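Working notes for the structure below.
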Amino acid sequence: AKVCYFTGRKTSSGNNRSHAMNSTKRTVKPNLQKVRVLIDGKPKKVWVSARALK
Amino acid sequence: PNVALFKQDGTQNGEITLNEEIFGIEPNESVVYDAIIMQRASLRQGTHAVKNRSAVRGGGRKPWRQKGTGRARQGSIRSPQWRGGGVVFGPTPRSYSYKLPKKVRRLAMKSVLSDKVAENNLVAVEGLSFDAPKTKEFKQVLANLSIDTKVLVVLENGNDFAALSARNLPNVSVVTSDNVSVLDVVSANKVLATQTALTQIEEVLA
Amino acid sequence: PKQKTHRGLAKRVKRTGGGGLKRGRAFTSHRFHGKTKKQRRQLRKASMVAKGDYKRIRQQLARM
Amino acid sequence: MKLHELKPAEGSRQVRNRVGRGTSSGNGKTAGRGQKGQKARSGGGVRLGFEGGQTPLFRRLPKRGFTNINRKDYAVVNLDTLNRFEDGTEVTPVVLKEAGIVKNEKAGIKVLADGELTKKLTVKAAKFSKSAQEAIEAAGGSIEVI
RNA sequence: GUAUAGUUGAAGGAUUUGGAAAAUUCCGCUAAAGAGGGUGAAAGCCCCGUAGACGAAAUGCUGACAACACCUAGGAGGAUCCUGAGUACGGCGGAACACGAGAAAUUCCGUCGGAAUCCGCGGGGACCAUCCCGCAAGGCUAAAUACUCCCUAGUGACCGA
RNA sequence: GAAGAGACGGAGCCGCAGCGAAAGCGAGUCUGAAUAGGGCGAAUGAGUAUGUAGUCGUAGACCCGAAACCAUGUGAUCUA
């Protein structure tokens, strides 16, 4: 689940606060799904974001 | 005030009147003093530097242990008490130059020139030209006017044949009517000038 | 650089024309039922500088 | 005056202190600082305005006021400046000025009323005071808020 | 035109102290050259040079103008058509803006909801009405600015084991 | 312009008017029913540009000295 074949969605990081503003480091990852799609006529399996399945 | 006129040796034509707002103005002294110091102190390059404890290419571990050796405590090889250490408060590259208000600069120039008028040290020529750069003839010209000490020559514009014949003994130095500074004038004893160089001074200084 | 002037004093103190500073007095935000009525009249009116405490502060308020 | 006989202006170039250079100069062995304590360490001294842990002066007295967002304030010239414009000029907040009377007119020239005028001018401005009109027109001049 | 080898380039003798003179003393000369370095001790006239004038078969580099490649038009009409989509924007969680969720626009990122088409859309520090200023979601773009491993030519009230 | 004196350049800054949180008023203003009293001002009371010296602030800031903390790397030829 590394990148998107279509859009540019990929993992990153950011803070995490809790009710008195202490900060730790997260990993905010995209939703990703393995879908069988058609690359150039040949069927392929690739990671595709749930946003671009509309 | 007035100064007589000499040709090349053709002596005593008429005289020239000069401005009594430039050449008669009862010179100050402390202004001239500070102008000389500010001019001469502006000539420096500040280029000089010294490495210190962070730039001396050494090491960054304590040489020893803190106790057990029975010994004074040291934390780095290179630090100012050692030989070959950094230097505390070394000299660094700086500026040295500064400027004054505009009134005192012109007050200084007017003061110096009225001073050298007041001791008969301007010797005024009608015109000066040579067909070719001959340094011998210029020496004969200064022999005509009876000048022996340190001297100044002031020109109009590109009189190349009156400039190229003055790479003499350093009694002689060459200025146009533009670059007449303060340290150019005060270091000399007598000043030569044409008629029109004086008038172009009287246009600039006003 | 420049002296960064303090902002705790910029929000509490104004400068008059003689050189001193106006100061809004204390004890004006609270249990007024404890204090009497001279004490809540006479602590309405702002006052001036005590000369000793104009010594350590004067350089902080270099311009405002 | 020439190069080898320079004289400075008297009382006008001092010498220095060189501190920590011998016991009989006056300032050797602790350099004008004295015995122990944190004023005599390397770079000691507390920050400005500090009374120990006592709450200092700026927390014993309350915050007060605010600042207008559209304060429009003028470039006051009172009246005695006007008394050198002999007879009739259209004294005006524009090209007239030219001699250091008004540099950086802040929001337009206002005219106050201190204190005595014997002229017969005529005035353009942007605001007047209630005694300024009386004092000008007492001498017989025309005023206008333009 | 310039960069990488170069050519020419003026003018002094004798005496005294010296181991050795450029030192000293008489009498001369040159300068578009009196910056510097060396020579048996401190030299304008002993040497290498400096001012000035001259010079490239070969390989670059910079301009100029010829060729060759490109690229670019007016005025009137306003029926119809086109003007960047899972985008703008909203909720929820975080980062950027001087701005720490605060009364918080403007910019992104994650997830879930999800517009209009010139009678249109965005913005003017929550939000509405009026006025004003502008066309997002497709690209490209010299100079003014920062640095010096190095190459050439220099300078310094910088150091002198 | 010679790493320079040496002129052009009036954007900007400071003093010449203050009082009020502010709208504003102005040799006056603020609180106040008040023109009463009081505060701060006013009544002649000069600044500005540069040099230099004393002192302070930001910079390691008068130098030498820790036990420790954090981030890349090197080591199981000694030993478990």
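All residue names refer to the structure tokens as shown: chains lettered A, B, ... in order, residues numbered from 1 in each chain, ligands numbered from 1 in order.
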Which residues are close to range 28-42 of chain C, i.e. within 10 Å by only C-alpha atoms (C1' of nucleotides), leaving aside same-chain residues fewer than 4 positions away? Reply as a ChimeraX atom specification. /C:24,46 /D:61-62
Would you save the residues of that selection, restricted to N, CA, C and O atoms, as a PDB file, in the first residue's frame?
```pdb
ATOM      1  N   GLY C  24      -2.214  53.112  36.161  1.00  0.00           N
ATOM      2  CA  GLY C  24      -3.536  52.805  36.674  1.00  0.00           C
ATOM      3  C   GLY C  24      -3.429  51.889  37.876  1.00  0.00           C
ATOM      4  O   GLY C  24      -2.751  50.865  37.821  1.00  0.00           O
ATOM      5  N   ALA C  46      -5.825  57.443  38.356  1.00  0.00           N
ATOM      6  CA  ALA C  46      -4.484  56.991  38.047  1.00  0.00           C
ATOM      7  C   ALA C  46      -3.448  57.955  38.606  1.00  0.00           C
ATOM      8  O   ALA C  46      -3.713  59.140  38.810  1.00  0.00           O
TER       9      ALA C  46
ATOM     10  N   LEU D  61      -0.161  45.777  38.457  1.00  0.00           N
ATOM     11  CA  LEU D  61      -1.027  46.853  38.001  1.00  0.00           C
ATOM     12  C   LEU D  61      -1.643  46.476  36.662  1.00  0.00           C
ATOM     13  O   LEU D  61      -0.974  45.847  35.836  1.00  0.00           O
ATOM     14  N   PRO D  62      -2.899  46.843  36.413  1.00  0.00           N
ATOM     15  CA  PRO D  62      -3.685  46.157  35.392  1.00  0.00           C
ATOM     16  C   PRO D  62      -3.525  46.736  33.997  1.00  0.00           C
ATOM     17  O   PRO D  62      -3.095  47.870  33.800  1.00  0.00           O
TER      18      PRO D  62
END
```
Compute the chain D side of the contact with chain B at 10 Å, counting only C-alpha atoms, and hand it back as JSON, numbers by chain. {"D": [1, 2, 3, 4, 6, 7, 8, 9, 10]}
Long-range neighbours of range 73-76 of chain B as a ChimeraX atom specification, 7 Å cut-off, only C-alpha atoms (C1' of nucleotides), 6 positions minimum in chain: /B:59-63,66 /F:65
Residues of chain C near chain D: apply a cut-off of 9 Å, count only C-alpha atoms, and supply the list as a VMD selection string. chain C and resid 8 to 9 11 to 13 23 to 29 53 56 to 57 59 to 60
Step one, run DSSP on the backbone; step two, keep only residues of range 79-126 of chain B assigned to helix (DSSP H, G or I); then write them as a ChimeraX atom specification. /B:102-118
